[PDB]
Structure formats: C-alpha cells, structure tokens
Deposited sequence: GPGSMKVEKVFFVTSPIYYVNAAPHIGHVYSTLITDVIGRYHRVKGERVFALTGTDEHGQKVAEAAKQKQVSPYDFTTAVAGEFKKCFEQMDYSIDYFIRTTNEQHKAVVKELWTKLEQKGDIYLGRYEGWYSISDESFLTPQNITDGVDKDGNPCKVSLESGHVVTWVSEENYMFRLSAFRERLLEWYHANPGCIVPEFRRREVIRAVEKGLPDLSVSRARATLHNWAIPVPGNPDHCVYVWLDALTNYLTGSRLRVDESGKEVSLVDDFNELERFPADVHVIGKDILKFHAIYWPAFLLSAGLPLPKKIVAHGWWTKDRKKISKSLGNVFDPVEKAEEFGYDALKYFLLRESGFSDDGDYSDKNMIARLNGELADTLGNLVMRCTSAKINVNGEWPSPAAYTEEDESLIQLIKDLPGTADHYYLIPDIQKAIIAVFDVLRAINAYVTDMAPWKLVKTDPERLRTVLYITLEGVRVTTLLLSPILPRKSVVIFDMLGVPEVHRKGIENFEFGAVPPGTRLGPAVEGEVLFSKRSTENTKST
C-alpha cells in the first residue's frame, strides 16, 4: 500500500554535546529520506533528543543547573549542529514535549490493560550511562573516576551499580515465540545480517521480564510519572522508544514546529517506521523490547532496523564534523563518512584518507568528468548534442548507465549506502575510461559527427550518476545539474532514472572564470 515513507534516527541523550556519532546516525537517516524524496515518494524523516532519566539529571547536577534548563540548552546545541550539517529532517522531537508524554501514558495504559504490566522487583546490575539492565554474565571487573575497583559493563565499559527496587515489570518473557516468528518471517527486518543472527540467538536463549518503572527518588524525579502511581517513573527507554510513535502522530507546520497530536496514527500514514537507523550499541532495545511493546499494544511492527558499526554515545583524539566540513567541504565529508565504512568500525578516518578520497574519487573521477563534458574546448556549442549511430562500445557504456538505477535502488533499500556509492562510481570510472578511449578533444577537429555521439552519452552518464548521488551530495549535485543545464523537473522522479530523459538541444548552464567543483588538496 501507498504510505508516507517513515525513517528515523535514534533520539540522543543530552548529557553531553553533539559529536560525530550523532551526526553519523542522523546523516544516514537523512540520506535514506533524501533518496525516497528523489524517487518521488512522500517522506517523514525524524530525529531528536532523549531528555529524561538518571544520566541526564546527574549531568545537569554536575553543571549545577536545573534539568529543565540543561536539556533545553543542549537540545538547542543538537538543533544547531544539524542545521549546520545541512540535513533535511522533517521534525526534531524532544521527550520533554507534552504531546510525547501523553503518548507514553496511552501506550503504558494499553500495555497494562492487555495484562502485560505487573508490579514486581528488579534485583540486579544496571548501567546508568547506557540506561541498561545487565545480567551477571554481562559485567566484569574494572575502575571508576577514582581508579578504585568497581564493576563495569562488558558491552560498553561503563560503571555498573546494583539496583534493588520494587518496579512495574513488563512481561517480555511471554513474547519470545512471537519475536522469533517475526524475525524468521521477515528475514530482512534487521540489517546487517550478522546482527540479525545475534538478536535471534539472544532471544532463543530466553527472555527475562523487564523493569519498565523506577522509584522516583532514584531518577531525581526527572521522568514521566506512571499513570495511576506517582511514586513510579516510566523507564527512560520505554519513554524514548515511544518517540517514534509520537512522531508518527504530530502534524508539523512550515517552520517545523509541532501543532497537533492526532488520536489515530493511521491519519498521518507514517507508522510504523519503514527504517529505524541505530548504532549497534542500542540493538537490543529496538529489535527486542520495542517490537514486544508493539505486539502487546496490537500496533504494527517496523519494516527494517539498520544498525551501523559505530558505538554512538581529553584523551587526545578529537573529531569535530563541523570543523572538518569547513576544511574539506560539507558534501565531501558526508561522502567520506558514507563511503569509507559499511557495517564495521574498521574504516580509516584520517586526514590522509579523507584527502585521498576527495582527490581521487570526487575530484579526479567525478569532477574531472563534469568539466570535460561541459568544457568549451570539447562542447563547443554549449549544449546536449543529438547522438549519431551507436557502436558496440557505445552500447556497452549505455547498458551500464541503464542498469545503474535498478542496482543502486536495491542497495539504497537494503539499506546499504556504501554499496550504492560504489555502484555509481563503478559507472563513473567506466565513463572516464570511455572518454579516454574516444579522446573527444581530438574529435572536435577530426570527426564532429562522432563527437556528438560520444558527448551525448558522456553527459547522460554524468546526469544519471549525479541523480543517484544527489542524496549523498545534495549541494554539489545541484551545482552539477546547473552546469549541465538540466531543467528542475528532471532532477527528481523515477521517470528521470531512464536513459535519455533530457533532450538534445538542451542548453548548458553559464560558466565562471575559474570555477571548480572539488578542489584537490595538498598531500
């Protein structure tokens, strides 16, 4: 069925300033959203801040400022960061928002009515920094700020404390069979695949019930009250995960402010998420807890959870994304982050490798090709020529260009943005090779008829590759299209994935004295 394509980032803890992890997660979310908008679909892309809980309230206390003031200020820092990064997110949600709290209370009440919440106790380990319950098998020995013997989390390395409280408990154990059914019936619902296998193994072993409330004193009263019991607060993660539901129900105006909360999610056609973008650090919450809550409430499950390789959320290793983007370019940094790494940590993020990709891929492969086909020396009439008859070599390149949208489409839908980029650049390399073989600079004098054909194919290859790279290079793609003289109507829509969508006779855009797309930088 036709619906609004709904893509989300995690909502980030506001204990600290925005950093590369947050920017990376929201970048992926943004790229996916952009691709679906270029495809001509309706899109709602969501990001925001996770503002309640012990961790935030303790950070507020450290800075000697109220939780209200602290969260509002740090949220403002996140908004500013994402504006500076030139994202195109449709809404920024904050869990302190009154409409979100109403949704949390609805969902809580639904779970309780279904018989899935009971009053019990949690006695066990807890990482405040991850807001995560841990079993004894997931802890080990380590050290704290004092350098004194303490327990730490195996998953994250943060300090764990023993908790013994009477707590509202969600009957997670009862959802094991249904979760396993879901994973097996939808074998692309978690990506990448090895992370799907991890989740399945964990659920097969068995699920304990889950504490979904805490004593109010423990959280410094900085959380959502349990409906019908003011002494208890809603677990920060049930609160947090519900943001996706709240977002799916907010009507938003032209300026991006929330103006209304609808009763029925179906009214806005967003829920459930088509893609939840997350870091590997929060996989269990999204692939186990979240769907169990939705199953309890009788709500539809998300289509895909994609978990990337970075562990999101003084030592002398600073990476400021705004600083690096001011140095190397915003689109270039975005390209680098999405190209350098797939679902690993193992990528190299040095200035050396950044420069190597800028120079070799963006400047030498893409930019060079754009200048060649728009150059006055080669394109003497400053237009899209009408092609003459095609050779076999012409047809081999044309075939690559025609196959590219379908290939790139599949990669974007996985989603696997690294492979989408690689596929496009494989075609760009082939076009370059073709240009080198045809030597159009010699044809200008020798064989003008032949040049028409070569020039046309080259222009069309640059257009199609650029269209498919426009989610990755949103600003530079616009520059490229302006140079090519591609009318606005042809810059989006699946109709324009087709070879030959821009007619011969189309005039190129004006030139500038010494304009460069991507300036190469010192080795």
Exercise for review: Compare what was deposited with what's modelled and send me the C-alpha-less stretches, numbered from 1.
Suggested key: 1-6, 320-326, 537-542
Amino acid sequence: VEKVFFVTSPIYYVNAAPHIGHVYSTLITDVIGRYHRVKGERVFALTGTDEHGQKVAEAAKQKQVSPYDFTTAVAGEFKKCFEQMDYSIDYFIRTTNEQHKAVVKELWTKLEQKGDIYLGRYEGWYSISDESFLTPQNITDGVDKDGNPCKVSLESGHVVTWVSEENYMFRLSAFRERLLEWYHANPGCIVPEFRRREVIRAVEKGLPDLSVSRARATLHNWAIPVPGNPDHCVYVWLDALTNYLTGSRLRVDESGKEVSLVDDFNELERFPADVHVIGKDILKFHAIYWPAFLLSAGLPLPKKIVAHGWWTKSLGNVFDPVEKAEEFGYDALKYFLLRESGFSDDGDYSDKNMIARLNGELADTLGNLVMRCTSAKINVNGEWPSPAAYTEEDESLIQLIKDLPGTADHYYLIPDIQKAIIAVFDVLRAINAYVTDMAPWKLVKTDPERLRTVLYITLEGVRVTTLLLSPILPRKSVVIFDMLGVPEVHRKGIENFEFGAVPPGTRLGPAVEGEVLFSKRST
From here on, numbers count along this sequence of modelled residues.
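Here the rigid core means the biggest group of C-alpha atoms that line up within 1.5 Å when the two forms are laid on top of each other.
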**Study point:** Divergent stretch in 9 other deposited structures of this protein, 304-312 or 326-334 [C-alpha RMS, superposed by the core]
**Key:** 304-312
Check your understanding: When the other structures are laid on this one by the rigid core, do the CA atoms of 253-261 or of 339-347 sit farther away in 9 other deposited structures of this protein?
Key -> 339-347
Revision key, fill the gap. Of 231-239 and 133-141, the stretch with the higher mean C-alpha B-factor in the deposited entry is 133-141
Review point. As stated in the PDB record, which stretch has the larger average Cα B-factor, 410-418 or 222-230?
Key: 222-230
**Study point:** Highest-ranked of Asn186, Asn432, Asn167, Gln84 once sorted by CA temperature factor in the record
**Key:** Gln84
Practice item. Return the residue from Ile28, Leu468, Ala60, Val478 that has the highest Cα B-factor in the entry. Key: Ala60
Study note, to complete from the structure: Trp108: CA temperature factor from the record, placed by chain third, in the lowest
Study note, to complete from the structure: Chain thirds by Cα B factor, record data; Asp69 belongs to the highest
**Study point:** Modelled-residue ranking by C-alpha temperature factor, third containing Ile11
**Key:** lowest
Check your understanding: Where does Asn97 sit by CA temperature factor within its chain: lowest, middle or highest third?
Key -> middle
Revision key, fill the gap. Assert third(CA B-factor, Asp274) within chain per record equals lowest
